[PDB]
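Some notes on the structure that comes next.
Reconstructed Cβ throughout: ideal geometry from the backbone, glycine too, with neighbour counts over all protein chains shown. Bear in mind that the values in this text are calculations on the coordinates, not laboratory data.
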Amino acid sequence: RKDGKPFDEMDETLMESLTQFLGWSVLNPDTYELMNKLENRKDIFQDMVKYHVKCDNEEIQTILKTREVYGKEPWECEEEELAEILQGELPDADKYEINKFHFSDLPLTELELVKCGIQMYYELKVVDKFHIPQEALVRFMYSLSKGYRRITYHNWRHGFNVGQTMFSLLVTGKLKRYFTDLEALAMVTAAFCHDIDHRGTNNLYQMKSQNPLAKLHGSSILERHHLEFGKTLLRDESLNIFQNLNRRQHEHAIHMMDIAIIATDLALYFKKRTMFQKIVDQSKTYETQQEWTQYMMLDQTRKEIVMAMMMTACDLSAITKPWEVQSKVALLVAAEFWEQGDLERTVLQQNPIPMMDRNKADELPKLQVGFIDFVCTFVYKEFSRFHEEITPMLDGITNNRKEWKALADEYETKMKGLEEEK
Amino acid sequence: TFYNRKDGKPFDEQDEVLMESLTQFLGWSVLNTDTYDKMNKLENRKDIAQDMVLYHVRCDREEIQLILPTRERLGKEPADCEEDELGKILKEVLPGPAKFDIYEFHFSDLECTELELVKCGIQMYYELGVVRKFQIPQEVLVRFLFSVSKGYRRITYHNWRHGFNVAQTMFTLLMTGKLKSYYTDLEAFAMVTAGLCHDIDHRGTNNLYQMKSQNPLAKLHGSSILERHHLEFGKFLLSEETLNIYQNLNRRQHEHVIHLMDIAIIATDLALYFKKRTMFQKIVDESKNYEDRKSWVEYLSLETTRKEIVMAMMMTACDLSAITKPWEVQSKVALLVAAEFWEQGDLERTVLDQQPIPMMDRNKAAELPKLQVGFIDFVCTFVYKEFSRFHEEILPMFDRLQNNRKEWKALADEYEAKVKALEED
Amino acid sequence: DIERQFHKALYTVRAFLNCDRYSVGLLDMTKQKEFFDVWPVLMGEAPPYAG
Amino acid sequence: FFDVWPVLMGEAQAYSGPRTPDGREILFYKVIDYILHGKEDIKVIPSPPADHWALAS
Ligand SMILES: CCCc1nc(C)c2c(=O)nc(-c3cc(S(=O)(=O)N4CCN(CC)CC4)ccc3OCC)[nH]n12
Ligand SMILES: CCCc1nc(C)c2c(=O)nc(-c3cc(S(=O)(=O)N4CCN(CC)CC4)ccc3OCC)[nH]n12
Ligand SMILES: [Mg+2]
Ligand SMILES: [Mg+2]
Ligand SMILES: [Zn+2]
Ligand SMILES: [Zn+2]
């Protein structure tokens, strides 16, 4: 001590308090180690899933056949001979009627759907304008093919039909006038991965069982997961089709994709309906003019409200098919609800909703005329006024509705007759 | 906000300092309440990633139908069955003990499809006589050894065939070298099982590239980087319902086997073998002076520490058994290994921009017969000679190893003679 | 880490502790070692710890 | 995005209250109050009303 005198009580208490504080403050350095281990473990487990949902060096020789015609690996070829080698592989847009409203994919193998999805990009004339590579495009399509699960309904077969309908709207319904090419590309490539890695249960079962999804996100639990996984896939070299865009264009495309993917949730459609109903009505006041064209495509909020409605009309497009396809699709869509009923009956010991338990197996048609009346009759009406060329869809629903109605009534009589006589 | 003093006097200069130091401290203290949320999000992201991994390496409803073909013979699904009912189906489908000669030292696998190996593997679990004693449900066994099959990657050398060969060699040692006498059944269950998962998720690069590339593996672990990654993945696989073949065990046995499995898995790192090699020779020498073979059993089967040193050596004697097979398989396995070495060399030269060492250079692919010879002298020639002096049933391995060394040295001499001849002019 | 935290918390209070020299030593927290380090002791080499 | 749309489309009105020096809006979502004369009576409020005995002044 600096006075020449020995330590005493008043210099014991001070240095005892100092060391007490220093002893308590060792909580922070441990959490540093825990963080630096959790982060690395997360990185390892996230790099393990990228090997299983990616197209490796073989199995890409089932589309790009470079070994037999040239004798060299795909990454050694040039931009030419690659367009040439895939020119004869892809189907033709006329034979399969890719851009019609009645396309049916029941008699098709999963490998053909990949080669039609690849063709869709060539039809829009987007490959050359933005200088996207070929290998990256083909690998991206095959990886998206492998990324879906194998559950009954929400498989790759549902991921192709919701992209083909949007291509048909953008080309046959003549909605491409309002949008530039970049936004068209973003919408087409964000319609394919809208329901990716879908477990098979809606947003309520995720909150009831306290799944880890229900804690990381707070609202619209599954859509944010779909978006995050899709963007994670898009950020890998040899799978990135946005290699040749500057910063501004890349940011704009990402923002548009983000807005598109989260708008396919039914809980955000019931509240954003009147705005669309007003945008449609204000279009008539520019009378005797087909040159209003979204005020010559300078407005930005309206171009971001039309897109959400386009997505939520593409998502439910299955109801507007011919009867011979809807009849088969309805059972597939009911099977998932029936399967979720059993899980929530056993794991949680709770009585399911009447639409989920198998015991009302004969009550299916009735519910199917409620849904049509409630959710999916407004949209196809309003678009029918916004443009006329997409009228053939509006007829579709109507026809289907009638049939369902008739069937339900028959069942009623069967239930009505037996109760009275007994 | 503070609303009234107890004395009666208004607030003054001292009270402002007293009640301002407290708020400064509490304002500074929010770092912990931020770190809390960051950790609570990292944990959830890790759990989601683990579940996504788990989905892709399990057996769906339509995949196990290729092994036990229920849903045709019976109307019920595999889950709705009785234990004795499934045994009748399993008996007629599995290969016999003597069809594929899985009791020999010369068993070659490249004449069988990747589906046969699974059935042979689950046959081995019946040969030991262990399914009845501990009552492992018979669906879980099939589902597990199918998930392990799909767990390996698809690369040149470290694929499912290597993982089956190691386990087959270990079973052969247990049931033909008579090393079964020293160990009970429970300590052989967890050796045969730990032979199937020793290289479960191999990327294709050794431990040095991991340090020289700053892979996230090299920061989580510090020593024996890869060998500790194969252990936590295996213990994650066998830690869930429908894949836990250890559920009918009680607490003590479960703890024993889990403690006994990590030693076996980590002992396959070559660097550990060089350091703790001498201690095995002392046991070998102590075995000699005893009077009879039978008396030695009652002494060794009691001491615990000495048995572990023998298990951790059988694992290395098995992990590189591919050098003792006849000269029709070695001539191909050598090239298979060389392919992976050349691929790692190419990655090293392309990505990190350094010069590969002569071992991994694709250009100098004519001196391969020489290097291999050195390997036989450097590592293999000891483990097998010691085991040959220990037991007498393990001699064919040694003589076949000598023959292979002779062949490789002859090839090396021919190559060197040709090279010297070319330089004459 | 712990080493930096103590070396930033003890350097700021030199003046308030009027002392000529002071020192801090840090112990090691490794309770139980691995399996491959215990073995040389239980087999008759490297006699056990005495401190 | 789905909240800024109504403002830009004439459906609602822009905010007009006070603002924190970094732009945020001033709304309290919890109020912990202590009483220390007579009774301890600790309390927590999940969402304070417009007229609490603290925020009213
Ligand atoms: C999975 C829901 C979206 C969907 N796509 C299609 C093609 C269909 C279909 O054919 N039928 C139904 C479908 C919808 C209902 S609903 O109207 O009760 N419905 C209200 C909204 N909630 C969510 C917020 C779901 C339940 C009831 C039964 C249904 O199908 C039974 C076969 N839903 N559906
Ligand atoms: C780690 C390789 C294990 C292995 N298994 C087999 C069947 C083989 C084989 O036939 N040949 C080799 C093999 C081993 C060496 S080595 O002696 O240089 N060797 C020293 C030890 N270090 C430790 C990481 C590795 C390199 C050299 C060449 C080798 O094979 C070339 C095809 N290695 N090998
Ligand atoms: Mg969805
Ligand atoms: Mg290994
Ligand atoms: Zn969908
Ligand atoms: Zn191995």
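Before moving on, here are some points about what is shown:
- Yes/no for B:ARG161 being of a type outside the set (A, V, I, L, M, F, W, C), more than 16 Å from ligand 3 (Cβ to nearest atom) and without any contact (Cβ under 8 Å) to a residue 12 or more places away in the chain: no
- Subset tally (residues that are within 14 Å of chain B (Cβ to nearest Cβ) and touching a strand residue (DSSP E or B) at 6+ places or on another chain (Cβ under 7 Å)) for the range D:41-55: 3
- Listed by first and then second residue, the pairs linking a residue in the range A:291-314 that is away from chain D (no Cβ under 14 Å) to a residue that is among the acidic types (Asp, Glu), with Cβ atoms under 7 Å apart and 6 or more places separating them unless they lie on different chains, form an empty list.
- Filtering the range A:39-84 to residues that are in a helix (DSSP H, G or I) and more than 10 Å from chain B (Cβ to nearest Cβ) leaves A:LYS50, A:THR66, A:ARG67, A:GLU68, A:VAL69, A:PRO74, A:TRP75, A:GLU76, A:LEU82, A:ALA83, A:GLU84.
- Residue, nearest to the other protein chains (Cβ to nearest Cβ), within the range A:1-15, restricted to residues that are surrounded by 10 or more Cβ atoms within 10 Å (Cβ to Cβ) and not aliphatic (A, V, I, L, M): A:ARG1
- Contacts under 6 angstrom Cβ, first residue in the range A:142-159 being within 10 Å of chain B (Cβ to nearest Cβ), partner part of a loop (DSSP other than H, G, I, E, B) and among the β-branched types (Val, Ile, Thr), 6 or more apart: A:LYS146/A:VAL53
- B:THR113 meets all of the listed conditions (1) among the polar types (S, T, N, Q); (2) in contact (Cβ under 8 Å) with a residue 40 or more places away in the chain; (3) not in a helix (DSSP H, G or I) but one, namely (2).
- Under the condition of being in a loop (DSSP other than H, G, I, E, B) and either closer than 22 Å to A:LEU332 by Cα or within 14 Å of another protein chain (Cβ to nearest Cβ) (or both), the residues counted in the range A:179-200 number 9.
- The residues in the range B:184-239 that are in a loop (DSSP other than H, G, I, E, B) and either within 16 Å of ligand 6 (Cβ to nearest atom) or touching a helix residue (DSSP H, G or I) at 6+ places or on another chain (Cβ under 6 Å) (or both) can be counted, and the count is 17.
- Residue in the range A:47-59 that is of a type in the set (S, T, N, Q), under 30 Å from C:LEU10 (Cβ atoms) and exposed (fewer than 14 other Cβ atoms within 10 Å of the Cβ) present: no
- Just one residue in the set B:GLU416, B:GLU386 is out of contact with any strand residue (DSSP E or B) (no Cβ under 8 Å at 6 or more places or on another chain), under 24 Å from B:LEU270 (Cβ atoms) and either of a type in the set (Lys, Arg) or not in a loop (DSSP other than H, G, I, E, B) (or both); that residue is B:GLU386.
- Scope the range A:201-243; condition closer than 27 Å to A:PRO352 by Cα, in a loop (DSSP other than H, G, I, E, B) and within 14 Å of chain B (Cβ to nearest Cβ); matching residues: A:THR201, A:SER209, A:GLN210, A:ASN211, A:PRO212, A:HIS217, A:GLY218
- For the condition away from ligand 6 (no atom under 16 Å from the Cβ) and touching a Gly at 6+ places or on another chain (Cβ under 9 Å), A:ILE196 qualifies.
- Subset of the range A:247-275 [of a type in the set (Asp, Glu) and within 11 Å of chain D (Cβ to nearest Cβ)]: A:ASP258, A:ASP265
- Scan of the range B:56-84 for residues that are within 14 Å of another protein chain (Cβ to nearest Cβ) and assigned to a loop (DSSP other than H, G, I, E, B), ordered by number: B:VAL57, B:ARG58, B:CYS59, B:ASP60, B:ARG61, B:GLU62, B:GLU63, B:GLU77, B:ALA79, B:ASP80
- Scanning the range B:148-161 for residues that are crowded, with 18+ Cβ neighbours inside 10 Å and either within 11 Å of chain A (Cβ to nearest Cβ) or part of a helix (DSSP H, G or I) (or both) turns up B:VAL148, B:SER149, B:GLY151, B:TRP160.
- Unique residue being farther than 21 Å from B:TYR157 by Cβ, surrounded by 13 or more Cβ atoms within 10 Å (Cβ to Cβ) and either near ligand 2 (Cβ under 10 Å from one of its atoms) or within 14 Å of chain C (Cβ to nearest Cβ) (or both) when the list is B:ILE376, B:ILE394, B:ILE309: B:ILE309
- Of all residues in the range D:14-40, those that are within 12 Å of the chain's Cα centre (by Cα) and within 11 Å of chain B (Cβ to nearest Cβ) total 1.
- Residue check, B:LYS88 without any contact (Cβ under 8 Å) to a residue 40 or more places away in the chain, in a loop (DSSP other than H, G, I, E, B) and more than 14 Å from chain A (Cβ to nearest Cβ): no
- Restricting the range A:216-256 to residues that are loosely packed, with under 13 Cβ neighbours inside 10 Å and more than 18 Å from A:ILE132 (Cα to Cα), the residue that is nearest to the chain's Cα centre (by Cα): A:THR232
- Any chance B:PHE189 is farther than 17 Å from B:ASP319 by Cα, crowded, with 21+ Cβ neighbours inside 10 Å and in contact (Cβ under 8 Å) with a residue 60 or more places away in the chain: yes
- Which numbered condition C:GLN5 fails, given (1) of a type in the set (S, T, N, Q); (2) surrounded by 10 or more Cβ atoms within 10 Å (Cβ to Cβ); (3) within 28 Å of A:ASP8 (Cβ to Cβ): (3)
- Residues located in the range B:232-267, provided they are closer than 22 Å to B:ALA312 by Cα and of a type in the set (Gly, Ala, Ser): B:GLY234, B:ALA264, B:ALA267
- Taking the listed residues B:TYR290, B:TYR299, the one that is away from ligand 4 (no atom under 16 Å from the Cβ), touching a helix residue (DSSP H, G or I) at 6+ places or on another chain (Cβ under 6 Å), away from every other protein chain (no Cβ under 14 Å) and over 13 Å from B:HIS391 (Cβ atoms) is B:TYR290, with no other qualifying.
- Looking only at the range A:271-316, and only at residues there that are among the polar types (S, T, N, Q), more than 16 Å from ligand 1 (Cβ to nearest atom) and part of a helix (DSSP H, G or I), the one that is farthest from A:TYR178 (Cα to Cα): A:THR274
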